[PDB]
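Next up: the same protein chain in two forms, each one alone, written as structure tokens (structure 1, then structure 2).
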Structure 1
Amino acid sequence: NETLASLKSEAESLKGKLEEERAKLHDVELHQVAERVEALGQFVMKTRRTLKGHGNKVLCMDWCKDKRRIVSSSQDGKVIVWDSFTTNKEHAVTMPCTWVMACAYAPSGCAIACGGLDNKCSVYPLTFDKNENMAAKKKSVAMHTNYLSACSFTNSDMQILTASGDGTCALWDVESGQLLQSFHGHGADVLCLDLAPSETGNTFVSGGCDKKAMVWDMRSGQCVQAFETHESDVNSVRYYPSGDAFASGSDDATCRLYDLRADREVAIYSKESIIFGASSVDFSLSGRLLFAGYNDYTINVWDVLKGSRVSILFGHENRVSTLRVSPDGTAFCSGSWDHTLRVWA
């Protein structure tokens, strides 16, 4: 096929031209720019709370914007809302399917979204009803052709972003269940997503089993920026708090930082002793620290700017599957295949 051969030659030509156009402005490395940032104090974080109640692997968690409530979901189909400060369970629902791989808290704090092997994402309201029946109030919003891997509310309770093993992400209207926009481009299962905290608020990033992280324009459905430097599946993605960079965690045992304004990978956080996959990443409030959970049951904490490991945290008795820093930056929560979550500070 001559047309195919010529197109591939043109695509490689443009790839190299783009590489060279970007390289012209790559005048410094992050470790050089950060040469004189102040050193960190002693690392002293420990487990403050252990949330016990799930009957099988914890797969996902999300903090409420109230800074203390947490939603978490399990392989056995159960979703729990905790007041993590007291450890009290406030809400509980069993989904009609197993492997609830995704859950999100609504910004109002009055709803949660979740799904997984059901190929859907559903919204449940949270109420102060005495004998609360959550299952009776399930609203199916998203429909994919394969499993849901990730979800998030946008900047309201009325819209939801999903990622799927079907290779797509999608934006949905909660009230109608209408597909607002599909995002096609990943070569394979999409595993994670995060909404950009930018002033514009028109983009999000996703990661998948094509080993790529892709930044999407929600208005057009187009991928505007793609990054392909990981050597295996991209399990987690997270914007740096200013919105001008994001981090990823991968099966390849590295976490990486990408500079969106210069359009370049700028840091690789890795050690020879760290050979198992990173499942989950999140930033401290200032973006100075990156917390990551790993398949070898540990958490590694990285100095984003200096590139060195700050600490390794032991405690979980199976994979760390999910990790979020709290909304006010005072703590972080890890969830694990050991059936538990921990809050650290």
Structure 2
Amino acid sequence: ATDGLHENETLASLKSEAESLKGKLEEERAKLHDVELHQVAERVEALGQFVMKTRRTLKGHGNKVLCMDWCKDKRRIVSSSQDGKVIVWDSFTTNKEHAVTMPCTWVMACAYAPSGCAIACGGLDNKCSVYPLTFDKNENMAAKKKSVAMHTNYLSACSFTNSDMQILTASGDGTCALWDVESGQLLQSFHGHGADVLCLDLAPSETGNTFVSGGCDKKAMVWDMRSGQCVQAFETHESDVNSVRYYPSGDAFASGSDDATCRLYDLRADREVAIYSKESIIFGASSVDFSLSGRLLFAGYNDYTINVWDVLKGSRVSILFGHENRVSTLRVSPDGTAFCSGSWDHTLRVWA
């Protein structure tokens, strides 16, 4: 007409500018998606028959085993359970070396210090505490407890950095946090997850100040430990992300979920590149970890079993039976010679 403010004439200009950038990204993502990983991996020769068996059985915990972590010496193992007890084993001989009882139940997280002289653990106490390890006679570990982290909900995962002086923590209050062990100071908080954070894994490149985490919002997020910001996020699972683990090169990571699938995301491709699943696998995956070369992905499921996946070709190369309840934690040895699974059946098993 001759009047009219015509706000929509400029809103349509902004809508045609936001639509074009979105279509620009959709067309670029499709242009880069020229092949599938398993199609390229047809060039690779298939793996031979596997004969992995249980080599050690760690019996001692009084309730569900909830977490475990290898020591850098390739044989010692820290493990935590629902009854509140944390145990340090010499898994090669199965001898218990250290043990501490915590003031809470459901100690869902434990970790081994890079020096091998301390451990961190926590759970329903909404904290993460560092305990020293000594060769002391009648050693009283609880009297040396260092309270480091502190959240408003349960602790779901923890991990030392490249030294004994900092720990990462993931909590059910939707946050990850970096802490100074000596002082208990909060170095950085990581806000972004829309629900409980269930897991985390530090970047393999000790030069890299990044880590990945997974939560009940079906998302996996890569963080910058300097800025505290989420620099990359992935959402393709149909349920909770229970475990995340970096591919050995650091350019990719895998995840296990309650949707009975394991997926591989590549940070350079900025998309999920592989899905590890099968019609007969309907229980959720609780933990995942890679072999040394990254060719194999080990996963522990709530069906009491362990499924080993060819990371490149996608096919399942083994299924391992033994546990009589859920497999709650699974980690490959620091030298890749074995892997250890912890279960709700109160035991841990070392396989090779």
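What we label the rigid core is the largest C-alpha set whose atoms superpose within 1.5 Å from one form to the other. Each residue is numbered by where it sits in the sequence of structure 1, with counting from 1.
- The rigid-core alignment places the CA of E21 2 Å or more apart between structures 1 and 2.
- Once both forms are overlaid on the rigid core, the distance between the two CA positions of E12 between structures 1 and 2 is 2 angstroms or more.
- On the core-superposed pair, the CA position of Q32 changes by 2.0 Å between structures 1 and 2.
- With the core fitted, the CA of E199 sits 5.3 Å away from its counterpart between structures 1 and 2.
- When the core is overlaid, the C-alpha of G41 ends up 1.8 Å from its other position between structures 1 and 2.
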